[PDB]
Amino acid sequence: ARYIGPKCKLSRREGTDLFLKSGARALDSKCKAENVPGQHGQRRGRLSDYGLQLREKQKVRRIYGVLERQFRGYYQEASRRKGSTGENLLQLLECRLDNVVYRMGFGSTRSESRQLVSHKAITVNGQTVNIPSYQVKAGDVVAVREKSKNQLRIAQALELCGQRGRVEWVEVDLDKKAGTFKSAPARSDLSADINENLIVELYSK
Amino acid sequence: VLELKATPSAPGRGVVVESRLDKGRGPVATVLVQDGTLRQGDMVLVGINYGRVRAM
Amino acid sequence: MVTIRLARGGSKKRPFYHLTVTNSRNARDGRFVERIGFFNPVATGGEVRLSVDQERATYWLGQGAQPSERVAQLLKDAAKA
RNA sequence: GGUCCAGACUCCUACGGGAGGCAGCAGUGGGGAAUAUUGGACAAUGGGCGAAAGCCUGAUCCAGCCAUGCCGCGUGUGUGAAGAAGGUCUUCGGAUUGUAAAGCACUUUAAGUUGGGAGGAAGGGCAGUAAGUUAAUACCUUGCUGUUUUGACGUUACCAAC
RNA sequence: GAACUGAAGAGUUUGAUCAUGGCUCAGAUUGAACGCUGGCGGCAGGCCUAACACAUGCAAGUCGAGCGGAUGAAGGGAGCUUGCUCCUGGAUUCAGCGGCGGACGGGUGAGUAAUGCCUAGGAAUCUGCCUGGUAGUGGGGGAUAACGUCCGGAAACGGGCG
Ligand SMILES: [Mg+2]
Ligand SMILES: [Mg+2]
Ligand SMILES: [Mg+2]
Ligand SMILES: [Mg+2]
Ligand SMILES: [Mg+2]
Ligand SMILES: [Mg+2]
Ligand SMILES: [Mg+2]
Ligand SMILES: [Mg+2]
Ligand SMILES: [Mg+2]
Ligand SMILES: [Mg+2]
Ligand SMILES: [Mg+2]
Ligand SMILES: [Mg+2]
Ligand SMILES: [Mg+2]
Ligand SMILES: [Mg+2]
Ligand SMILES: [Mg+2]
Ligand SMILES: [Mg+2]
Ligand SMILES: [Mg+2]
Ligand SMILES: [Mg+2]
Ligand SMILES: [Mg+2]
Ligand SMILES: [Mg+2]
């Protein structure tokens, strides 16, 4: 399945930016993002430790747009792997094909990059892939099919990704829309607000 | 009345004259074909029972 | 007698074969005496199409083991290379 | 899925007299909360016989049914404040459903239609040639060469177009 | 170079407290069943109960290059005349004798508490077809199925003689 619906109540409930719109205009001047959704919005309601852990996990899942069973699989694989599962989970989440296409500026958001990947418009090693879970390895060359290189979507996505910050782990060849995955981005390459310790704490119970 | 049957090549259509349960071969239905042709190995929908004909 | 034949594994429409030395009156995928390699009808990429132990195959052929038709053809092909 | 004897139980009968054993694959009644098709082919791997074509094979390879499980993918994407109409609550000020909808503009995965299209195939028949066996350019065995011939699944996986 | 790395508590006895102690809950699993709902595919699974009773199909045959016999093509012809007869030859097919197979493959878990299973040992045996050596295949005899014949039986079929 997939979460299809209002993609801004999630930001208000989580209480952070949690990028889900294109970021073109703003976030504050679309939803008054200071109240939880629903009738009881003005209430604050300090919550418990289990609530904090649940909110952290939900925030990560809604950032990357994956459901619970696939996320449990990701956690099990991160625990199986060596070296501190806490950032192993982020390493593994940051290597999905839709996320990589988003980071390369081909799509405005994760939903639009999923739209592109699922609709057979992306080739990884010169051959078509349409699974928005394909773990891209270091050194792959994500490109755009020639019959799909004239879509405007890519044009606006690129010109708007031009100003959001330098990822500095993928090299995009802007003129013909070809990328490159140098390596997985380390923990210091991501925002230092996610407390993955809460996620590991939640699942270890 | 001229007793026109339409085509015999239509899908079979008939009515149940009687029905019984046999201990060796299950429910057996005596049906009168009204039009069309009924062939062995055919999906049949009768009342609320459905199924396909092992034998005829 | 004692024969050398192909035991089928893998999955639906994706067959893999083990070259097995068996008493002839056993199940195709039942008990065996020894496995002396494998055969891959699809292979491709880094997978090898077939591999056999020359030493074990010659030893068992010297002890009076009758290979099947496919085992004979594949073994002579492996000996060719 | 052989013989003999005895037994319980079903059945035939022309009333003299015989037959049967699905805990093989389908299938039925019954019990139960509850568990599926009287399917196709020996094309592949095996087994029996044969000298060899070849015959047999409910093993096997496959199809049918059932969200029973595991895994993966869809049910769209961006913009959009008159913060529309309706609903709900209200301190009657308004808040919320909510960028949610409508509007505008994009995309066609899966499903639908059309057209291409592998891999599962080893072998067999015939014809020729060369070696070994003898006593022999015979028969036969073995290398190779040419020609012909094989797929249930199957409207295959996959690919392209609307 | 790896073959691991790993351990949470909460509610409830009292006016309140500490302890003891039971009950209950948060997790992971099913050959699952039921209720509501239901788009697709890949890979698996599917009588756990009555080892209850079974209608109907199929699931074990093959060898004519072991042996008689009867079925007897195409042809070469011969005669008469459009087609028949006859002969020589004879290709195909098998009811019977005989050789192998049927002790495999497939199903089920009733019995069994030890003649079973698991682990480690050993001594007094056999083993079709298969592999490698050694020595041979010389010469007679009496039968019998099939078949012809004679009766009985509704049939299944049975009996005597050559
Ligand atoms: Mg799922
Ligand atoms: Mg039986
Ligand atoms: Mg059965
Ligand atoms: Mg029984
Ligand atoms: Mg019942
Ligand atoms: Mg059921
Ligand atoms: Mg076969
Ligand atoms: Mg024959
Ligand atoms: Mg048969
Ligand atoms: Mg059949
Ligand atoms: Mg399904
Ligand atoms: Mg259900
Ligand atoms: Mg209103
Ligand atoms: Mg082919
Ligand atoms: Mg109290
Ligand atoms: Mg049972
Ligand atoms: Mg015969
Ligand atoms: Mg068995
Ligand atoms: Mg038992
Ligand atoms: Mg006892």
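Quick note on labels: first sequence line is chain A, next is B, and so on, each numbered from 1. What you see below is based on every heavy atom in this structure, not just the backbone, and it leaves out hydrogens, waters and symmetry mates.
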Salt bridge (charged side-chain N to carboxylate O under 4.0 Å, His left out) contacts in which one or both residues fall within residues 53-71 of chain A, not counting sequence neighbours: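 Pairs touching residues 53-71 of chain A that pass the test: A:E14-A:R55, A:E14-A:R62, A:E56-A:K59, A:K57-A:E68, A:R61-A:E68.
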
Does anything in residues 25-42 of chain C pair up under salt bridge (charged side-chain N to carboxylate O under 4.0 Å, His left out), and if so which pairs, sequence neighbours excluded?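 Found C:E34-C:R56.
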
Just call it for [X]: base, sugar-phosphate, or nothing, with non-hydrogen atoms closer than 4.0 Å on any strand.
X: A:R145; result: sugar-phosphate
X: C:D29; result: nothing
X: C:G62; result: sugar-phosphate
X: A:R110; result: nothing
X: A:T85; result: nothing
X: B:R52; result: sugar-phosphate

Expressed in angstrom and rounded to an integer, what is the separation of [X] atom [atom1] from [N] atom [atom2]?
X: A:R13; N: D:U96; atom1: CZ; atom2: P; result: 14 Å
X: A:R25; N: D:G83; atom1: CZ; atom2: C1'; result: 11 Å
X: C:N40; N: D:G119; atom1: CG; atom2: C1'; result: 12 Å
X: A:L67; N: D:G74; atom1: CG; atom2: P; result: 11 Å
X: A:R72; N: E:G27; atom1: CZ; atom2: P; result: 10 Å
X: B:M43; N: D:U37; atom1: CE; atom2: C1'; result: 12 Å
X: B:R20; N: D:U28; atom1: CZ; atom2: P; result: 16 Å

For the nucleotides D:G20 and D:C9, establish whether a Watson-Crick or G-U wobble pair is present, both distances being less than 3.5 Å. yes

Indicate syn or anti for [N], taking the glycosidic torsion and treating anything within 90° of 0 as syn.
N: D:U35; result: syn
N: E:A19; result: anti
N: D:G17; result: anti
N: E:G39; result: anti

Expected list for residues 112-131 of chain A: side-chain donor-acceptor pairs under 3.5 angstrom, two or more places apart:
unit_1: A:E112; atom_1: OE1; unit_2: A:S108; atom_2: N; d: 3.3
unit_1: A:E112; atom_1: OE1; unit_2: A:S108; atom_2: OG; d: 3.1
unit_1: A:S113; atom_1: OG; unit_2: A:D98; atom_2: O; d: 3.2
unit_1: A:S113; atom_1: OG; unit_2: A:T109; atom_2: O; d: 3.2
unit_1: A:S113; atom_1: OG; unit_2: A:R110; atom_2: O; d: 2.7
unit_1: A:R114; atom_1: NH1; unit_2: A:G65; atom_2: O; d: 3.4
unit_1: A:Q115; atom_1: OE1; unit_2: A:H119; atom_2: ND1; d: 3.1
unit_1: A:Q115; atom_1: OE1; unit_2: A:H119; atom_2: NE2; d: 2.8
unit_1: A:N125; atom_1: ND2; unit_2: A:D140; atom_2: OD1; d: 3.2
unit_1: A:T128; atom_1: OG1; unit_2: A:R145; atom_2: NH1; d: 2.6

Tabulate below the donor-acceptor pairs under 3.5 Å that side-chain atoms of residues 21-33 of chain A make, not counting sequence neighbours, or state none.
unit_1: A:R25; atom_1: NH2; unit_2: A:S29; atom_2: O; d: 2.9

On RNA chain E, nearest-nucleotide positions of B:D22 versus C:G64: which is more 5'? B:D22

Filtered N/O pairs between nucleotides 35-42 of chain E and protein, under 3.5 Å:
none

Can you run down the ring pair (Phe, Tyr, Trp, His ring centres under 6.0 Å) pairs that involve residues 5-63 of chain C, sequence neighbours left out, and say none if there aren't any? C:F16-C:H18, C:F16-C:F38

So, does A:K30 get its side chain near the phosphate of D:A100, meaning an N or O under 4.0 Å from OP1 or OP2?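 So the side-chain polar atoms of A:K30 never come under 4.0 Å of the phosphate oxygens OP1 or OP2 of D:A100.
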
Please write out the pairs of protein N or O atoms and N or O atoms of nucleotides 89-94 of chain D separated by less than 3.5 Å, giving the distance to one decimal.
none

All N/O pairs under 3.5 Å across the protein-nucleotides 41-48 of chain D interface:
unit_1: D:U45; atom_1: OP1; unit_2: C:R70; atom_2: NH1; d: 3.3
unit_1: D:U45; atom_1: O2'; unit_2: C:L6; atom_2: O; d: 2.9
unit_1: D:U45; atom_1: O2; unit_2: C:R28; atom_2: NH1; d: 2.8
unit_1: D:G46; atom_1: OP1; unit_2: C:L6; atom_2: N; d: 3.2
unit_1: D:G46; atom_1: OP1; unit_2: C:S68; atom_2: OG; d: 3.4
unit_1: D:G46; atom_1: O3'; unit_2: C:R5; atom_2: NH1; d: 3.1
unit_1: D:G47; atom_1: OP1; unit_2: C:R5; atom_2: NH1; d: 3.4

Each nucleotide of nucleotides 108-113 of chain D classed B (base within 4.0 Å of a protein heavy atom), S (only sugar-phosphate) or -, in 5' to 3' order, makes SBS---

Table please: side-chain donor-acceptor pairs of residues 45-56 of chain B below 3.5 Å, with sequence neighbours left out.
none

Distance-only donor-acceptor pairs under 3.5 Å for side chains of residues 1-12 of chain A, two or more places apart:
unit_1: A:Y3; atom_1: OH; unit_2: A:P6; atom_2: O; d: 3.0
unit_1: A:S11; atom_1: OG; unit_2: A:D17; atom_2: O; d: 3.1
unit_1: A:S11; atom_1: OG; unit_2: A:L18; atom_2: O; d: 3.3
unit_1: A:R12; atom_1: NE; unit_2: A:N35; atom_2: O; d: 3.2

Using the 3.5 Å cut-off, write out each protein N or O paired with an N or O of nucleotides 19-27 of chain D and the distance between them.
unit_1: D:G27; atom_1: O3'; unit_2: B:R54; atom_2: NH1; d: 2.8

